[PDB]
Amino acid sequence: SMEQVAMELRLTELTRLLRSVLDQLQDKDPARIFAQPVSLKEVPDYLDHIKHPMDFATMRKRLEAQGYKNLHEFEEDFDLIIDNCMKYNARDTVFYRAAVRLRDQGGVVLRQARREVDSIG
């Protein structure tokens, strides 16, 4: 149908916008603390602590599979990254502190993407 393709022309376009948004958030992690999943080989007990791991490379696999139906879904994954970190790691660590930093620097980019999505469609 022509109505099916139009929703596809929109999902495609949403996805173009989230790649920009992701790229911009990834930039706020120059240390690449959040760039790959936590290794179970290096942290065997991780899954005893964290029930839903997440990382920028996982979010990107899903993003290119057009797997984000809206901005809320994408926001949940990004917040997982932050929130997983701040539970596993203590306050005085470099890991926890990079999460706080990424969160604060994220919310600007996210504030304006919510307006670009609402504005566009």
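Cβ coordinates were reconstructed from backbone atoms using ideal geometry, including for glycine residues, and neighbour counts include every protein chain displayed. Bear in mind these aren't lab numbers, they're just calculated from the coordinates by the rules spelled out.
Quick check on region 20-40: of everything there that is polar (S, T, N, Q) and part of a loop (DSSP other than H, G, I, E, B), which residue is surrounded by the fewest Cβ atoms within 10 Å (Cβ to Cβ)?
Filtering region 20-40 down to residues polar (S, T, N, Q) leaves 20, 24, 26, 36, 39.
Still in the list and also part of a loop (DSSP other than H, G, I, E, B): 36, 39.
Details: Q36: 11, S39: 9.
Once the filter is applied, the top-ranked residue is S39.
If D48 satisfies every condition in (1) among the acidic types (D, E); (2) touching a residue at least 40 places away in the same chain (Cβ under 8 Å); (3) loosely packed, with under 11 Cβ neighbours inside 10 Å but one, which is the exception?
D48 satisfies all of (1) among the acidic types (D, E); (2) touching a residue at least 40 places away in the same chain (Cβ under 8 Å); (3) loosely packed, with under 11 Cβ neighbours inside 10 Å except (2).
Can you run down the residue pairs with Cβ atoms below 6 Å, 6 or more apart or on separate chains, where the first is in region 1-13 and over 15 Å from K69 (Cα atoms) and without any contact (Cβ under 8 Å) to a residue 12 or more places away in the chain and the partner is assigned to a helix (DSSP H, G or I) and among the hydrophobic types (A, V, I, L, M, F, W, C)?
Correct list of pairs: empty, since none qualify.
Between residues in region 72-84 that are within 14 Å of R103 (Cβ to Cβ) and residues that are surrounded by fewer than 16 Cβ atoms within 10 Å (Cβ to Cβ), which pairs lie under 6 Å by C-beta distance while being six or more apart or on different chains?
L80/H52
In this structure, is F78 of a type in the set (F, W, Y) and in a helix (DSSP H, G or I)? Show your work before the answer.
Details: of a type in the set (F, W, Y): yes; in a helix (DSSP H, G or I): yes.
Judged against the criteria, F78 is a match.
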